[PDB]
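J.: Protein chains in written order, with the numbering used here: chain A, 11 to 479; chain B, 14 to 479; chain C, 377 to 428; chain D, 9 to 510; chain E, 230 to 357; chain F, 37 to 223. All residues carry an ideal CB built from backbone N, CA and C; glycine is no exception. First the structure, which I've put down as structure tokens, then a few questions once you've had a look.
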Ligand SMILES: Nc1ncnc2c1ncn2[C@@H]1O[C@H](COP(=O)(O)OP(=O)(O)OP(=O)(O)O)[C@@H](O)[C@H]1O
Ligand SMILES: Nc1ncnc2c1ncn2[C@@H]1O[C@H](COP(=O)(O)OP(=O)(O)O)[C@@H](O)[C@H]1O
Ligand SMILES: Nc1ncnc2c1ncn2[C@@H]1O[C@H](COP(=O)(O)OP(=O)(O)O)[C@@H](O)[C@H]1O
Ligand SMILES: [Mg+2]
Ligand SMILES: [Mg+2]
Ligand SMILES: [Mg+2]
């Protein structure tokens, strides 16, 4: 049923249908253009006019232009042959390798699986990092969010876990790029061609890429979050496999819904967001779950605007997640890397019945000696360091030894710092931190502990410092 | 060329014509009033109907009352007979000394100068004020602003730059009053008649005057600043002189432009201002220029609302200046008058090749000692003076001798406090600050550097108390 | 710098003399306007011919 | 005169049927036009008097149009015509050495620019395949920039700070400093520059062309100028036009550079222009897509692969902030588009560090660390020796004395802090930088006084350019500071220190 | 001012004749749906806070009684409602099952069953 | 709801709502060319110092302006679907805009055979030998089985030409071409 365009105001086109009105959430095809422009229906206005949203540029749209209709929402390719590829929001190739030859399409609008399809079991997951594995441990099938401001280490911590976990894994992975720098979407395409995760000649690749970046109109930066978890659901439901979900960045899904709210015709809510914040978000963050047909382990980067955690776009995301790793900036200014806040990260499985009653007694003494530090830092600013008693001096020295030992050289900092990378097992992580609290390394300088792996490398540095003295 | 009043909201009269729509910013003459009522076309609301802004009061108008079309914008009589005369927004003599008879007339609205009519040459205009000569030197042909709250001194400071510059000037002068009080606009007539600048009896007068004060409707305050701006362009382009121009206050060009912008049918921008805040300002300020045909030396006083420098009306004026003299309130609570902020005031000629490499090093070297007194005020307020080192009890005691040695008694302020107004030259301030930076006066107290002129009065005031 | 400035002051006056004199010369004619109308018909007769 | 008569015989009086829309209103720049059936969005429409405009809104009754010029020659009942082209500006190398307005007409008066190709102001940034990583350096000649916060070629770097701190001067020493490569011989070390002046009065832009013409800097730049007197749709169109002359270079092989001075004045020209079109306000009455306004601009600054031409396009956006607060609305939306920043402050400017760069906070994704090979040696150790300084050097109140322990390290910083200061419109070279930085970190200045190092520098620098010209030519040619080149420099600093103060 | 139910299809039938074909005392057609809010032409006898029941099987709740239409919030997805869909009445404020046949069961906010054991066996109701 | 016949003008506002509900209702049963003859007879009885005294009076009653026009619209000549329309406007409160709708229905019904005339704007008027060409060479453009109409308005500020507007066409040949000689002064 062919409509006609009447009013192009911004990126919000209104169409008028002679014969057949299409439902909400469809796709429309503007004729006479050399590129493919897709409009999705969003409202019904009266006298057979709908209010759509374009997925491309609205230049060259003359009123009175025909508009076709497909009969369904947007239909992407899906399957096993979508691996080692980069794909558009409407499911097209953007890497100039040819087309995607699949035999199954999935319309990107589905519903959240019910209450009686909920796997309940918890596990553990070891990544290799002494702050993740000690203080906020992951879970096989859980949901993981990486908070923190701009420039604190979220594209590094998410590209290091792609190295650690997503190469030693039997199941598959998907990287969905929801509005980020097109520079950073050229590294990870080439960081994983030389590392074997993408193979450009045979059929043994183990990743799929979805890229709609921040040079794109703000109606197409709201639907690459959904083209992601439609490829990452065929691997969980249809095949009975196990998947990993990497999304960077998911704040650009919310924030690109506030760019067309008032042009649609709504009254704006509090600080400038649309009035459907916690509804369009929770429509999406319930399709990322582990049912009883498969599993999904989701890692999502979450931009916090202007380091303001009480902003409504991050503070409504703290409930769709099992594990939070919150990177601060006042820590990464001290050179400590990974920047992860010890007193603000939190997991659900930090529990004396899953991780054991030795893992639990350690990570509740690291966090207890770091909150004991801050009550002394207000005394040092007035009394000075050489006024304190001899017990409180012992606290600050261990706490600065623990703070430096939480730092660890990643393998992707081999071009930034020039160090060599570590990957610490879990049994050594618990043993190393257990001894600094005891007192068995009270006789060393603090510069040994900075940027090492296991605790046996932190005494092989205190001998080289004493020989070169 | 006739039409009738259709709607009246305050100072926005609507008027419908029948044929011959006036183009935008014409003038319309309301028939059937005792005074002159001139309407200036602002919009074109569709199907032979304009929306106008009125220059005088609109009370007593009825619908259907006739309105006649002039053919031209507001024109004023300009020429050399305008000197010694006071005018209003439409250019009528309000000095009750009879008409102004010139050979030519000048429209209120004209364009801006081009790119290739600009003059880049910079010099220094020595004033006689220590805070301005040393730290932020004025130029000869550039715009100057005096930012300040309410009750700090933005016009006692502008009554000095007349008393020091308009006496020793050779060309003409133009003053404008935009939205400030009327008894101050009367004491500029009975202080320029007594001192020979206004000559009531022949043609030997130097200054022109233009006035729209804080009793007018807001279609007059929004256009009185384009009137004195036109009498100070004939004395630039067609006579070729070197004219001064003193404007006080230029904020009311904008405060009284967001009072008629609500009623024209416009969605408001931030804290309540009009949507076009910074295009009408860049069309008034882009005509106050030195060019290749003359030179206007602007001095504008600017108001900051509720003592806030991030408010949109002051903080968009900054890109239109050359010098800057940000005044302050908390300075003036101590007694430092002129309460100039030495850290917030700039120039474009403070440069070692222009202001001279000896002067440029007393300039940057006295900001360095002033910043370091500010950067310890957290610790001095809590802890004490007595928990400092010995080097940093010598950027504290030397930067309290420097703050006090920036306050000068003015000539216009003799009648307030009974103290003689002092003018210092340029070369006796550079010489007088190098003897506080090198450390020659470190035994004299700080009550001796206060409210004195040249540096020899500081040792003389120190000689008195013993 | 004197050779260039006296060319610029002369150039603008030379333009306005040709411009302000052509206003009365085009206004006075009354026979050639009837010649001007028939070619204005023939241009419009030529104009619609190339469209269809 | 023969010039006026030859201009009038070359004029073409072509006549055709237009497509035409009667005006229904005109106020404050917006002309709601009845008619105009087949008009496009973003099309350029042309009023009767010679004005020009761009039809933004389409609507069933009226058609919203904004004007490139002045709205007083336009009366209700006028005629709006159709050009038939989405808005485009001329492009080429033929604009080099000019000052132009925001639609490509010369405001210098040297004549008509002879240009041949036209390029839109709304084109699209290139994607993921045709880029490559950042291989090359871009030398500014500042010594706090080149050593500590380096900038590659093809990297968006944000100069942020207050008013009157150094944001324009930093980006004009960069224009001057590429003079030495542009008269050289190789075509791959040049850097053609572009300056975009938004919201600036003409008695600053006609004065910056003076500073750029004594040093003969203007023979390789373009100045696109939209002053504060211009129409608010002309300050909005200016960076999209200046960036599209940059992509003549980048899409043909060469390397460009572009400064937006500034981008807090391309936002208030979008807030006003799109409030009078009756669009509902967002935060601080800014529209919904101010993030989309800056993002579709700052992603054309690419670095193409070598099978397209390999050209680059750096960008240096300036941002003025109020009271030094960086958490505002328009700052944070543009911090998170650029790779790195340069935080200019005020208390650095006044204490004496000029250029007032916060070297602690001026982070930079280093651009594949294309600093250069010799500067890596001397500024690798400098970066750590200054970082060691800043942790420990903020007391101003001393009570105890540890000259063997602490006072040796903080004496290495003040010799390297006062080395980092510079002048104005006199930018150095890179091998003249390696020499002066060598003498600071190798302990050869701890027996001076810090009030004499700025005097020590120019006497040192004049001695090496005069007497040691074949020394510095082996650092610039061979790249690295070799071990025999380490040998020759060991005497020169000590021979000069033996007879510096006498 | 134009009024919501002044569209070109509502006025068009009243020029033809009387509205006998639809009764409008009990059923009313939908004018405009968007983002979970409907506008219904008709339904003259609808009480305030009364459940309605759309044509595609969903439910509703009446919140805005206006002089030419009624605005009703929709339970569920909005891709099932359209323009021209007959709405009907139930005749009561919304009610929920209540008893002791709920104990040990898991119910949603309309009293239905989600834990998959079986339907609730209560013999009582209550208005919310 | 049902689909309706598309009017060939499609105006907007409070006129074109009611002026399309009348075009769609009367195009059913082929009551189109008839109803314009009846709308031009209410177009005379509206202007009456007793009828227009209460057709725009607010303070008479909400109800008695419905029975007073329904008795008036039926007895004298006609009882078509316009008798419901006058009862429809009066029941809603749109009696003030009643002359607007018939001026809107007239421009909607005119284009069913009309032209939206041109506007020759030249000078003092002309003879028969140069006008009957322009009343025939302006018919050579359209070519769709139509009978053209025209307006004339005299303006002397155009010094030496004629402008014409076939629809929204505007082929301009006049003394604007003095301003086009700016290129002589434009380097
Ligand atoms: N390297 C430098 N050393 C010392 N002073 C400098 C240096 N560079 C610039 N200045 C001075 O600092 C002042 C401000 O510089 P600049 O005009 O570039 O600041 P800005 O912030 O761009 O100004 P605006 O706020 O008007 O844009 C000028 O007076 C200039 O002379
Ligand atoms: N091992 C590391 N730990 C912390 N930061 C690093 C490390 N290596 C490099 N960096 C720097 O920290 C910055 C973090 O920025 P990045 O994580 O890329 O983007 P985002 O703004 O999304 O956090 C990088 O520019 C990089 O220069
Ligand atoms: N140089 C000065 N010396 C002493 N007092 C001053 C000086 N300048 C200003 N003042 C005081 O501050 C007041 C400033 O008010 P004024 O300058 O008249 O207008 P504004 O309120 O615009 O500043 C004066 O009344 C005077 O009492
Ligand atoms: Mg990132
Ligand atoms: Mg005052
Ligand atoms: Mg600047």
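Nearest to residue 67 (chain B) by alpha carbon, out of B:94, B:144 and B:51?
T.: As a position in the second chain, residue 67 (chain B) is number 54, starting the count at 1. Nearest Cα to residue 67 (chain B) within the set B:94, B:144 and B:51: B:51.
J.: With 7 angstroms as the threshold, decide whether the Cβ of residue 296 (chain B) is near any Cβ in chain D.
T.: Indexing the second chain from 1 puts residue 296 (chain B) at position 283. For residue 296 (chain B), the answer is yes, since a Cβ of chain D falls inside 7 angstroms of its Cβ.
J.: Measuring straight from C-alpha to C-alpha, what distance separates residue 174 (chain B) and residue 140 (chain B)?
T.: For the purposes of this step, residue 174 (chain B) is taken as the residue at position 161 of the second chain. For the purposes of this step, residue 140 (chain B) is taken as the residue at position 127 of the second chain. Whole-angstrom Cα-Cα distance: 7 angstroms.
J.: What residues in the region 63-89 of chain D have a beta carbon less than 7 angstroms from any beta carbon of chain A?
T.: 65, 66, 67 and 68
J.: Specify, as a first and last residue, the run of the beta strand (DSSP E) that residue 221 (chain B) falls within.
T.: On the second chain, position 208 is the one that residue 221 (chain B) refers to. Residues 220-225.
J.: Assign residue 305 (chain A) to buried or exposed, taking buried as 16 or more other Cβ atoms, counted over all protein chains shown, within 10 Å of its Cβ.
T.: Here residue 305 (chain A) corresponds to residue number 295 of the first chain, with the count starting at 1. The residue in question, residue 305 (chain A), is buried, as its Cβ has 16 or more Cβ neighbours within 10 Å.
J.: Bridge partners for residue 293 (chain E) per DSSP, in chain order?
T.: Numbered from 1 along the fifth chain, position 64 holds the residue referred to as residue 293 (chain E). Its beta-bridge partners are E:300.
J.: Note down, in chain order, every chain C residue with its Cβ under 9 angstroms from the Cβ of residue 173 (chain F).
T.: For the purposes of this step, residue 173 (chain F) is taken as residue 137 along the sixth chain, with counting starting at 1. Residues of chain C passing the Cβ test: 417, 420, 421 and 424.
J.: When the Cα of residue 232 (chain D) is compared with those of D:25, D:509, D:258 and D:109, which residue comes out closest?
T.: What you label residue 232 (chain D) is simply residue 224 of the fourth chain in a count that begins at 1. The shortest C-alpha separation from residue 232 (chain D) is found at D:109.
J.: Can you check DSSP and say which residues form a bridge with residue 53 (chain A)?
T.: By one-based count along the first chain, residue 53 (chain A) stands at place 43. Paired residue(s): A:61.
J.: Between residue 254 (chain B) and residue 104 (chain B), what straight-line distance do the alpha-carbon atoms span, to the nearest angstrom?
T.: The residue you call residue 254 (chain B) lines up with position 241 of the second chain. The residue you call residue 104 (chain B) lines up with position 91 of the second chain. Spanning the two alpha carbons is a distance of roughly 22 angstroms.
J.: Comparing alpha-carbon positions, which option in F:190, F:179 and F:192 lies nearest residue 427 (chain C)?
T.: Locating residue 427 (chain C) in the third chain gives position 51, where the first residue counts as 1. Nearest to residue 427 (chain C) by C-alpha distance, out of F:190, F:179 and F:192, is F:179.
J.: Please state the DSSP three-state secondary structure of residue 458 (chain B).
T.: Indexing the second chain from 1 puts residue 458 (chain B) at position 445. Coil.
J.: Check whether chain E comes within 7 angstroms of residue 369 (chain A), counting only Cβ atoms and requiring the distance to be less than that.
T.: Indexing the first chain from 1 puts residue 369 (chain A) at position 359. No, because no Cβ of chain E sits closer than 7 angstroms to the Cβ of residue 369 (chain A).
J.: Please return the same chain residues whose Cβ sits closer than 7 angstroms to the Cβ of residue 175 (chain D), not counting the five positions on each side in sequence.
T.: Residue mapping note: residue 175 (chain D) aligns to position 167 of the fourth chain, counting from 1. Cβ within range, chain order: 167, 169, 326 and 352.
J.: Assign residue 335 (chain E) to one of two classes, buried (16 or more other C-beta atoms within 10 Å of its C-beta) or exposed (fewer than that).
T.: The sequence position of residue 335 (chain E) within the fifth chain is 106, counting from 1. By the 10 Å Cβ count, residue 335 (chain E) comes out exposed.
J.: Within 7 angstroms (strictly less), CB to CB, does residue 411 (chain C) reach chain F?
T.: Position 35 of the third chain holds residue 411 (chain C). Not closer than 7 angstroms to any Cβ of chain F, the Cβ of residue 411 (chain C) fails to qualify, so no.
J.: For a contact meaning CB atoms closer than 8 angstroms, what does residue 147 (chain F) contact in chain D?
T.: Numbered from its first residue, the sixth chain carries residue 147 (chain F) at position 111. What residue 147 (chain F) touches in chain D: nothing, since even the nearest Cβ is about 14 angstroms away.
J.: Would you list the one or two residues that DSSP bridges to residue 187 (chain B)?
T.: Residue 187 (chain B) sits at position 174 when you count from the first residue of the second chain. In the DSSP secondary-structure assignment, residue 187 (chain B) is bridged to B:221.
J.: Just to make sure I have the definition right: I need the residues of chain D whose C-beta is within less than 9 angstroms of the C-beta of residue 391 (chain C). Which are they?
T.: Residue mapping note: residue 391 (chain C) aligns to position 15 of the third chain, counting from 1. 12, listed in chain order.
J.: Report the residue from B:209, B:245 and B:389 whose alpha carbon sits nearest the alpha carbon of residue 359 (chain D).
T.: On the fourth chain, residue 359 (chain D) is found 351 positions in, with the first residue counted as 1. Comparing Cα-Cα distances from residue 359 (chain D) to each of B:209, B:245 and B:389, the minimum goes to B:389.
J.: Once you ignore the five residues that flank residue 33 (chain D) on each side, which residues in its own chain have a CB closer than 8 angstroms to its CB?
T.: As a working note, residue 33 (chain D) is residue 25 in the fourth chain. By the criterion of a C-beta distance shorter than 8 angstroms, residue 33 (chain D) is surrounded in its chain by 39, 40 and 84, once the five residues flanking it on both sides are discounted.
J.: From residue 166 (chain B) to residue 157 (chain B), what does the alpha carbon distance come to, in whole angstroms?
T.: The residue labelled residue 166 (chain B) in the question sits at position 153 within the second chain. The residue labelled residue 157 (chain B) in the question sits at position 144 within the second chain. So the alpha carbons of these two residues sit roughly 15 angstroms apart.
J.: For ligand 5, which residues have a Cβ under 6 angstroms from at least one heavy atom, in chain order?
T.: B:167, B:168 and B:193
J.: Check whether the Cβ atoms of residue 231 (chain A) and residue 178 (chain A) lie closer than 7 angstroms to each other.
T.: The count along the first chain starts at 1 and reaches residue 231 (chain A) at position 221. The count along the first chain starts at 1 and reaches residue 178 (chain A) at position 168. Their beta carbons are not under 7 angstroms apart, which means residue 231 (chain A) does not touch residue 178 (chain A) by this criterion.
J.: Under 8 angstroms Cβ to Cβ from residue 247 (chain D), same chain only, skipping five residues before and after it: list those, please.
T.: Taking the first residue of the fourth chain as position 1, residue 247 (chain D) is located at position 239. If we look at residue 247 (chain D) and ignore the five residues flanking it on each side, its Cβ neighbours are 204, 206, 268, 271, 274 and 305.
J.: In angstroms with no decimal places, state the Cα-to-Cα distance between residue 344 (chain B) and residue 354 (chain B).
T.: Taking the first residue of the second chain as position 1, residue 344 (chain B) is located at position 331. Taking the first residue of the second chain as position 1, residue 354 (chain B) is located at position 341. The alpha-carbon atoms of residue 344 (chain B) and residue 354 (chain B) are separated by roughly 8 angstroms.
J.: Contact defined as beta carbons within less than 8 angstroms: I believe residue 62 (chain D) pairs with residue 241 (chain D). What is the distance between those atoms, to the nearest angstrom?
T.: The residue given as residue 62 (chain D) occupies position 54 in the fourth chain. The residue given as residue 241 (chain D) occupies position 233 in the fourth chain. Right, their Cβ atoms sit about 7 angstroms apart.
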